[PDB]
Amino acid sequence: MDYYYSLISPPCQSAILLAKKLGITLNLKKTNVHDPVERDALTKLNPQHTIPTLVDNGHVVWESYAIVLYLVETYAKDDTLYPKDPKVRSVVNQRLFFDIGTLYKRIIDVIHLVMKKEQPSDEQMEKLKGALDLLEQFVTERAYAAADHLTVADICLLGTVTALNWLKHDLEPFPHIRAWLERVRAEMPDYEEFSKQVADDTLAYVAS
């Protein structure tokens, strides 16, 4: 399967971590969404021309969350990562839509600005800090994001939280989130290597 991405792209990280977890092998293809030549070809596959974008057996999937769920259904030998019990799955789903519509949303906004080098209103931080508060609670009731064990909600939420690195966000006030991060990364195969590049690549994007 083909996978158009950029390691510096938080959403692009989800499937990468998932693939290693499931032992799935992807055919990485570094994509520059600002290259008029690369956008076209990408657009021919995904009209919204955004990364990540998966192409498997000719079937196209975009939106990290849709990529991740497709992979689990299609390649996971079990349902542990995306439980079938509707009472558990609804928690995973809620967290996934929480990730894209609340948590990462507010994080991405401050980052975007921070790059533009402009002060985020003394109220955008509120929604930010408020987003984290919610997550702090989620990982207080249980040891994982949406269940008593690791799910694809943990993988997505991990990318969004570790993205708080761009901005300098002290995690001290969020012990559970800290405990949760360590526990989830402790289950991600090849994580350390992954963490280095991602960590180093960002500072290289900051170099500018």
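Just count from 1 along the sequence shown to find any residue number.
Two stretches are in play, 141-149 and 160-168, and the higher mean C-alpha B-factor belongs to 160-168. Judged by mean Cα B factor in the deposited record, 21-29 ranks above the other of 6-14 and 21-29. The PDB entry assigns the greatest CA B-factor among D99, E136, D85, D109 to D109.
Across the residues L71, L132, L81, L113, the deposited record lists the maximum Cα B factor for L113.
Per the deposited record, the Cα B-factor of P175 falls in the middle third when ranked against the other modelled residues of its chain. Placement of the Cα temperature factor of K105 within the chain: middle third of the modelled residues, per the deposited record. Among the modelled residues of its chain, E63 has a C-alpha B-factor that falls in the lowest third, as given in the PDB entry. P52: CA B factor in the lowest third of modelled residues in this chain (values from the PDB entry). When the modelled residues of the chain are ordered by C-alpha B-factor, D200 sits in the highest third.
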